[PDB]
Structure formats: structure tokens, C-alpha cells
$ cat protein_25.txt   # compact mmCIF, C-alpha atoms
# COMPACT_ATOMS: atom_id res chain seq x y z
CA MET A 1 12.36 -91.79 -49.54
CA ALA A 2 15.30 -94.13 -48.88
CA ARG A 3 18.26 -92.27 -50.29
CA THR A 4 21.58 -93.06 -52.03
CA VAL A 5 24.50 -90.60 -52.04
CA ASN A 6 28.17 -90.39 -53.00
CA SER A 7 29.44 -88.81 -49.78
CA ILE A 8 28.39 -88.68 -46.15
CA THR A 9 28.60 -84.87 -46.38
CA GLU A 10 25.51 -84.97 -48.61
CA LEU A 11 23.67 -86.21 -45.52
CA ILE A 12 24.35 -83.00 -43.64
CA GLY A 13 21.12 -81.03 -43.40
CA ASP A 14 17.41 -81.67 -43.97
CA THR A 15 16.97 -82.53 -40.32
CA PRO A 16 13.45 -83.52 -39.19
CA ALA A 17 11.17 -81.56 -36.89
CA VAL A 18 9.22 -83.45 -34.25
CA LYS A 19 6.02 -82.08 -32.72
CA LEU A 20 5.92 -82.30 -28.91
CA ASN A 21 2.88 -84.06 -27.46
CA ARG A 22 3.32 -84.42 -23.70
CA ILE A 23 5.45 -81.73 -22.10
CA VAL A 24 3.33 -78.93 -23.59
CA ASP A 25 0.29 -77.63 -21.69
CA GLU A 26 -3.15 -77.72 -23.31
CA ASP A 27 -3.02 -73.90 -23.61
CA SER A 28 0.24 -73.39 -25.45
CA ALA A 29 1.03 -73.04 -29.14
CA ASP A 30 2.31 -76.22 -30.78
CA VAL A 31 6.04 -76.75 -30.30
CA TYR A 32 8.33 -78.44 -32.81
CA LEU A 33 11.91 -79.51 -32.20
CA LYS A 34 14.28 -79.64 -35.18
CA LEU A 35 16.73 -82.44 -34.36
CA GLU A 36 20.18 -81.40 -35.54
CA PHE A 37 21.72 -84.51 -34.00
CA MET A 38 20.21 -86.37 -36.93
CA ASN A 39 23.16 -84.96 -38.91
CA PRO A 40 25.88 -87.57 -39.67
CA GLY A 41 28.24 -85.94 -37.18
CA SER A 42 25.33 -85.73 -34.72
CA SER A 43 25.26 -81.95 -34.21
CA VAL A 44 24.19 -78.74 -35.90
CA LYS A 45 27.89 -77.94 -36.28
CA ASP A 46 28.18 -80.39 -39.19
CA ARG A 47 26.66 -77.56 -41.23
CA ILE A 48 29.21 -74.87 -40.42
CA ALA A 49 32.06 -77.34 -40.86
CA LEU A 50 30.82 -78.24 -44.36
CA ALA A 51 30.16 -74.59 -45.27
CA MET A 52 33.65 -73.50 -44.16
CA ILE A 53 35.33 -76.12 -46.31
CA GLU A 54 33.08 -75.56 -49.34
CA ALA A 55 33.81 -71.83 -49.16
CA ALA A 56 37.52 -72.62 -49.16
CA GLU A 57 37.05 -74.93 -52.15
CA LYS A 58 34.91 -72.44 -54.08
CA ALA A 59 37.62 -69.86 -53.39
CA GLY A 60 40.17 -72.17 -54.97
CA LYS A 61 42.10 -72.13 -51.68
CA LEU A 62 42.05 -75.94 -51.45
CA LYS A 63 43.22 -78.71 -53.71
CA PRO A 64 43.02 -82.48 -53.15
CA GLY A 65 44.81 -83.81 -50.08
CA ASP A 66 45.77 -80.34 -48.85
CA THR A 67 46.27 -79.55 -45.17
CA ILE A 68 43.94 -77.15 -43.41
CA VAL A 69 44.53 -75.80 -39.93
CA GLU A 70 41.72 -74.56 -37.75
CA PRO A 71 41.48 -73.37 -34.14
CA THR A 72 38.37 -75.15 -32.91
CA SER A 73 36.62 -76.97 -30.08
CA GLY A 74 33.53 -78.97 -29.17
CA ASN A 75 31.07 -80.09 -31.80
CA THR A 76 32.62 -77.90 -34.49
CA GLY A 77 35.84 -79.85 -34.02
CA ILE A 78 34.05 -83.16 -34.51
CA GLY A 79 32.25 -81.74 -37.53
CA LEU A 80 35.47 -80.51 -39.15
CA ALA A 81 37.25 -83.81 -38.50
CA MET A 82 34.45 -85.78 -40.17
CA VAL A 83 34.06 -83.41 -43.12
CA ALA A 84 37.80 -83.21 -43.74
CA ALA A 85 37.95 -87.01 -43.82
CA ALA A 86 35.06 -87.33 -46.29
CA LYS A 87 36.52 -84.58 -48.49
CA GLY A 88 40.04 -85.98 -48.42
CA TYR A 89 41.76 -83.07 -46.65
CA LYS A 90 44.37 -83.32 -43.89
CA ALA A 91 42.96 -81.55 -40.85
CA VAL A 92 45.15 -80.03 -38.15
CA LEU A 93 42.83 -79.03 -35.33
CA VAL A 94 44.24 -76.60 -32.77
CA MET A 95 42.11 -77.04 -29.68
CA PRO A 96 42.14 -76.01 -26.03
CA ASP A 97 43.32 -79.04 -24.07
CA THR A 98 40.04 -79.53 -22.17
CA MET A 99 38.59 -82.68 -23.76
CA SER A 100 38.63 -86.28 -22.58
CA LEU A 101 40.78 -89.09 -23.96
CA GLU A 102 37.77 -90.63 -25.69
CA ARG A 103 37.02 -87.33 -27.44
CA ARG A 104 40.59 -87.30 -28.71
CA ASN A 105 40.06 -90.93 -29.80
CA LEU A 106 37.02 -89.79 -31.77
CA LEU A 107 38.76 -86.89 -33.49
CA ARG A 108 41.83 -88.98 -34.28
CA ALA A 109 39.62 -91.77 -35.64
CA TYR A 110 38.76 -89.38 -38.49
CA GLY A 111 42.47 -88.92 -39.16
CA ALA A 112 42.58 -85.43 -37.68
CA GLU A 113 45.87 -84.29 -36.18
CA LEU A 114 45.49 -82.57 -32.84
CA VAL A 115 47.51 -79.65 -31.50
CA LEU A 116 46.44 -79.04 -27.91
CA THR A 117 46.79 -75.60 -26.33
CA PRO A 118 46.59 -74.42 -22.67
CA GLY A 119 43.12 -75.15 -21.33
CA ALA A 120 43.03 -71.93 -19.32
CA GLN A 121 43.63 -69.80 -22.42
CA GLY A 122 40.60 -71.20 -24.18
CA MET A 123 40.05 -70.33 -27.82
CA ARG A 124 42.25 -67.25 -27.68
CA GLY A 125 45.17 -69.59 -27.03
CA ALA A 126 44.10 -71.97 -29.80
CA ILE A 127 43.67 -69.08 -32.23
CA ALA A 128 47.16 -67.80 -31.37
CA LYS A 129 48.79 -71.21 -31.86
CA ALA A 130 47.02 -71.70 -35.18
CA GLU A 131 48.21 -68.34 -36.49
CA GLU A 132 51.67 -69.37 -35.31
CA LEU A 133 51.53 -72.64 -37.27
CA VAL A 134 50.40 -70.75 -40.37
CA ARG A 135 53.38 -68.39 -40.22
CA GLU A 136 55.72 -71.34 -39.71
CA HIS A 137 54.18 -73.91 -42.08
CA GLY A 138 52.00 -71.90 -44.44
CA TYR A 139 49.00 -74.14 -43.81
CA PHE A 140 45.68 -72.90 -45.09
CA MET A 141 43.39 -71.62 -42.33
CA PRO A 142 39.71 -71.02 -43.06
CA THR A 143 19.92 -74.11 -45.59
CA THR A 144 18.48 -74.49 -42.09
CA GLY A 145 16.05 -71.67 -42.78
CA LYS A 146 14.97 -73.10 -46.13
CA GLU A 147 14.32 -76.46 -44.49
CA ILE A 148 12.24 -74.85 -41.76
CA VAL A 149 9.96 -73.11 -44.28
CA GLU A 150 9.41 -76.43 -46.06
CA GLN A 151 8.62 -78.19 -42.76
CA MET A 152 6.47 -75.49 -41.17
CA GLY A 153 4.71 -74.72 -44.44
CA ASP A 154 2.43 -71.69 -44.41
CA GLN A 155 2.70 -70.89 -40.69
CA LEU A 156 5.41 -70.30 -38.08
CA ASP A 157 4.95 -67.88 -35.20
CA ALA A 158 8.30 -68.06 -33.39
CA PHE A 159 11.79 -69.45 -33.91
CA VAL A 160 14.02 -70.35 -30.97
CA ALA A 161 17.73 -71.20 -31.01
CA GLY A 162 20.71 -71.16 -28.68
CA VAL A 163 23.46 -68.61 -29.13
CA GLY A 164 25.85 -71.54 -29.41
CA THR A 165 24.47 -72.13 -32.91
CA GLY A 166 25.73 -68.66 -33.84
CA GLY A 167 25.47 -67.92 -37.55
CA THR A 168 22.87 -70.65 -38.07
CA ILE A 169 20.44 -68.28 -36.37
CA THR A 170 21.83 -65.33 -38.27
CA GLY A 171 21.39 -67.15 -41.59
CA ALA A 172 18.04 -68.89 -41.02
CA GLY A 173 16.47 -65.62 -39.91
CA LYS A 174 16.79 -63.94 -43.30
CA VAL A 175 14.83 -66.75 -44.91
CA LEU A 176 12.29 -67.00 -42.09
CA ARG A 177 11.37 -63.31 -41.91
CA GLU A 178 10.72 -63.31 -45.69
CA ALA A 179 8.46 -66.33 -45.51
CA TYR A 180 6.86 -65.32 -42.20
CA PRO A 181 6.93 -61.47 -41.99
CA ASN A 182 5.40 -61.49 -38.50
CA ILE A 183 7.71 -64.13 -36.99
CA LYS A 184 9.54 -63.42 -33.72
CA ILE A 185 13.06 -64.83 -33.31
CA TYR A 186 14.59 -65.54 -29.90
CA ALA A 187 18.23 -66.17 -29.04
CA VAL A 188 18.67 -68.34 -25.95
CA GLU A 189 21.56 -67.97 -23.56
CA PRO A 190 23.02 -69.46 -20.34
CA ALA A 191 22.03 -67.74 -17.09
CA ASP A 192 25.76 -67.77 -16.38
CA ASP A 193 24.07 -46.15 -39.49
CA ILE A 194 20.87 -47.80 -38.39
CA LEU A 195 21.12 -50.63 -35.89
CA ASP A 196 20.31 -53.98 -37.47
CA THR A 197 17.93 -55.96 -35.26
CA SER A 198 17.09 -58.54 -37.93
CA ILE A 199 19.06 -61.34 -36.28
CA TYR A 200 16.79 -61.59 -33.23
CA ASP A 201 13.83 -59.90 -31.57
CA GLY A 202 14.62 -60.91 -28.00
CA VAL A 203 17.10 -62.73 -25.80
CA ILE A 204 15.86 -65.45 -23.46
CA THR A 205 17.99 -66.34 -20.46
CA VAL A 206 17.79 -69.84 -19.00
CA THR A 207 19.36 -71.10 -15.78
CA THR A 208 21.28 -74.38 -15.85
CA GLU A 209 18.63 -75.66 -13.47
CA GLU A 210 15.82 -74.79 -15.89
CA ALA A 211 17.82 -76.28 -18.76
CA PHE A 212 18.43 -79.57 -16.93
CA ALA A 213 14.74 -79.84 -16.02
CA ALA A 214 13.51 -79.36 -19.59
CA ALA A 215 16.01 -81.74 -21.21
CA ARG A 216 15.32 -84.44 -18.62
CA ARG A 217 11.61 -84.10 -19.17
CA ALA A 218 11.75 -84.23 -22.98
CA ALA A 219 13.95 -87.31 -22.78
CA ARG A 220 11.53 -89.12 -20.43
CA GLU A 221 8.27 -87.97 -21.96
CA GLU A 222 9.06 -87.55 -25.65
CA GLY A 223 12.09 -89.79 -26.19
CA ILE A 224 14.04 -86.72 -27.37
CA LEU A 225 17.52 -86.79 -25.79
CA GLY A 226 19.45 -83.55 -26.19
CA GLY A 227 22.50 -81.95 -24.62
CA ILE A 228 22.38 -79.11 -22.09
CA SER A 229 22.04 -76.32 -24.64
CA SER A 230 19.07 -78.37 -25.88
CA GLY A 231 17.32 -78.21 -22.53
CA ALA A 232 17.70 -74.44 -22.58
CA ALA A 233 16.11 -74.19 -26.03
CA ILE A 234 13.23 -76.43 -24.97
CA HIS A 235 12.55 -74.35 -21.84
CA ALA A 236 12.64 -71.17 -23.91
CA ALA A 237 10.34 -72.67 -26.57
CA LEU A 238 7.82 -73.77 -23.94
CA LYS A 239 7.93 -70.32 -22.33
CA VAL A 240 7.30 -68.56 -25.65
CA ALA A 241 4.63 -71.14 -26.51
CA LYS A 242 2.62 -70.38 -23.37
CA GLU A 243 2.50 -66.69 -24.20
CA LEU A 244 1.49 -67.26 -27.83
CA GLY A 245 -1.25 -69.69 -26.84
CA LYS A 246 -3.30 -72.19 -28.87
CA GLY A 247 -3.36 -72.18 -32.66
CA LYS A 248 0.17 -70.81 -32.84
CA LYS A 249 3.42 -72.60 -33.78
CA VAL A 250 6.93 -72.48 -32.31
CA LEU A 251 10.05 -74.25 -33.59
CA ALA A 252 13.31 -74.68 -31.70
CA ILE A 253 16.73 -76.05 -32.60
CA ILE A 254 18.06 -79.12 -30.75
CA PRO A 255 21.85 -78.83 -31.48
CA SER A 256 23.15 -82.14 -30.21
CA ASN A 257 22.37 -85.50 -28.62
CA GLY A 258 22.53 -86.34 -24.94
CA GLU A 259 24.71 -89.37 -25.68
CA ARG A 260 27.64 -86.98 -26.13
CA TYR A 261 27.19 -85.56 -22.63
CA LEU A 262 26.80 -88.61 -20.39
CA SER A 263 29.72 -87.57 -18.18
CA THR A 264 28.18 -84.19 -17.33
CA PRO A 265 25.63 -83.64 -14.51
CA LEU A 266 22.81 -83.46 -17.08
CA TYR A 267 21.97 -87.16 -16.99
CA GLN A 268 23.90 -87.85 -13.82
CA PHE A 269 21.89 -89.91 -11.37
CA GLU A 270 22.21 -90.75 -7.76
CA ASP A 271 23.69 -94.18 -6.90

$ encode --input "protein_25.txt" --output "C-alpha cells"
Amino acid sequence: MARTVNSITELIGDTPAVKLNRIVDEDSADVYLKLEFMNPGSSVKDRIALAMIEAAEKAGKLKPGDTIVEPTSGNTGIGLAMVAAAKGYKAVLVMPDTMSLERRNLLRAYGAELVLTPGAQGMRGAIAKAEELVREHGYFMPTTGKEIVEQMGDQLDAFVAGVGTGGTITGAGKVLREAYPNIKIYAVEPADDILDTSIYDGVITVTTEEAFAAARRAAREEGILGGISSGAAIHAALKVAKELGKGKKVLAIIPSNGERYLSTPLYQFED
């Protein structure tokens, strides 16, 4: 059970699922939280970062020590910086200039080179700058479901995940529906020629207030400390769980750890 590997990237994935025992009413289905912050980069985005780079390698678009440019932000940026370092690639991350000095310290610690774009232009601005760098320098610019089946075994009634996890949802769903034909999949979002409906059955909207409440509660009562998007998923999972009722099972994705959001109002206290 104690494992030995050749690279930290091999640690990405196979995240554990923890059954909730206190914040769930006696009437609800059982709720399980898959902790993606258990990834080496501490977020579900370690997965997409690894996948992006492995696709580039498989496609012969990358050779040892090559430079890769990528317009990115948030947890995906951290994931790419870590993966690039472990793989030996030189990462040039084009990111909206909205992060703190310490975040830049983190990214640079992995050897990533940062190119900061206008904060007000968001990703569009980053994307534009990256395409610019490519034309000037010629830089190269480029499992969750399986794990869930293994962990949930023969039964899973509902799957819940934030829209911030994007393709993770999209990809895990194909596996889940095949293992659990009757499963319902819900995409969770901030309150703020046949159609394919396979990605999700319904959208669940959660207010920042509801999100804060759920994350604070799970942290206090279960010792599970997630970020804001995590509180939203928890609230959604509890909601769905109440409708399903006893004997049923719900699993939700916890994308990141609260330790990365201590400067936000999430765990802000009076003093």
C-alpha cells in the first residue's frame, strides 16, 4: 500500500473518497467526497495539466527540455508549472496579472517563466499574448471516472461536480453512465443532429452564501477543508442526497484545498 514511483506525476490521480458522517441528515442518501487536493499539486487540475503534456508528447510535438507556452490561470497554472518541472520542459505561462506575489513565488519556484497580461482582459488577453509569442518565437502551445467506479463499486446514484472542473466531468461521465446506466449527473455553478445531453442531466446553482456555509461546515464537522467551489459542490451534493433519500449514494468532487484560499472571505473571521 505504501508506494514507490519514478516521478511525482505518477502520483496524480487515484484520489480517495471520504464518506460524510455528520453534516448529512438521517434521511439522505450517503454522500462521498472525492478529495482532488490529495493530488501532488493539490487540485483536480493536476490531471488536465498532465494530460495536456502527455498528449503533446504522444503527438511527438515535444522533445526533452523544449519550451511550451500556455495561456493559463489559477490551479491549472500551478498544475502545469509542477508537471513541466517534473517532465523537464521549460514552461512559459501567460497569465492574467491578477495573482498575489506569493502565487508568483510558487509558480516561479517550479522554474516557470511568467508573462503577465492585463488583469481586466482576463483569459482573452492571455490567449492573445500567447498566440503573439508563438508567432514571434515559435514556441509550442498545447481516469477520474474509472477511479470512481472502483471506489463506489456496484452502486452510485448521482455524481456531482463543479463546472470549473470542465472536461473532468465530461470525461468521467462516459465511464460512469456505462457502469451505472441509471446515474444522474449534475453540473454545479455559481449563482453569479441530435442534441447530446450525455455530459449532464441537470445544472445546480449555488449562491456564494450557500457555498460558504457548506464548506465551513464540512471543515468544522468532517475535517474536510475545501475551497469555495468545494462548498458549492458539497451544498449541491447534500441537496441531491436529500431528494434521493436513504439507501442511495452520491459522490461529489472536491477540487482544491482551503489552504490555498486563506486570503478570501471563505475562512475570513471577525477580529

$ residues_around --input "protein_25.txt" --residues "residue A:143" --least-positions-apart "3" --cutoff "12 Å" --atoms "only C-alpha atoms" --output "number ranges by chain"
A: 12-15, 44, 47-48, 50-51, 146-150, 167-176

$ atom_distance --input "protein_25.txt" --atom1 "atom CA of residue A:24" --atom2 "atom CA of residue A:210"
15.2 Å

$ closest_residue --input "protein_25.txt" --among "A:106, A:160, A:99, A:52" --to "residue A:241" --atoms "all atoms listed in the file"
A:160

$ atom_distance --input "protein_25.txt" --atom1 "atom CA of residue A:248" --atom2 "atom CA of residue A:228"
26.0 Å

$ atom_distance --input "protein_25.txt" --atom1 "atom CA of residue A:118" --atom2 "atom CA of residue A:96"
5.8 Å

$ residues_around --input "protein_25.txt" --residues "residue A:253" --least-positions-apart "5" --cutoff "6 Å" --atoms "only C-alpha atoms" --output "ChimeraX atom specification"
/A:33-34,161

$ write_last_selection --input "protein_25.txt" --atoms "C-alpha atoms" --output "PDB file, in the frame of the given file"
ATOM      1  CA  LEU A  33      11.910 -79.510 -32.200  1.00  0.00           C
ATOM      2  CA  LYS A  34      14.280 -79.640 -35.180  1.00  0.00           C
ATOM      3  CA  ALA A 161      17.730 -71.200 -31.010  1.00  0.00           C
TER       4      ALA A 161
END

$ closest_residue --input "protein_25.txt" --among "A:194, A:97, A:156, A:142" --to "residue A:60" --atoms "all atoms listed in the file"
A:142

$ closest_residue --input "protein_25.txt" --among "A:45, A:121, A:141, A:179" --to "residue A:92" --atoms "only C-alpha atoms"
A:141

$ closest_residue --input "protein_25.txt" --among "A:191, A:131, A:144, A:102" --to "residue A:16" --atoms "all atoms listed in the file"
A:144

$ closest_residue --input "protein_25.txt" --among "A:233, A:224, A:62, A:95" --to "residue A:75" --atoms "all atoms listed in the file"
A:95

$ residues_around --input "protein_25.txt" --residues "residue A:211" --least-positions-apart "5" --cutoff "7 Å" --atoms "only C-alpha atoms" --output "number ranges by chain"
A: 206, 228, 231-232, 235
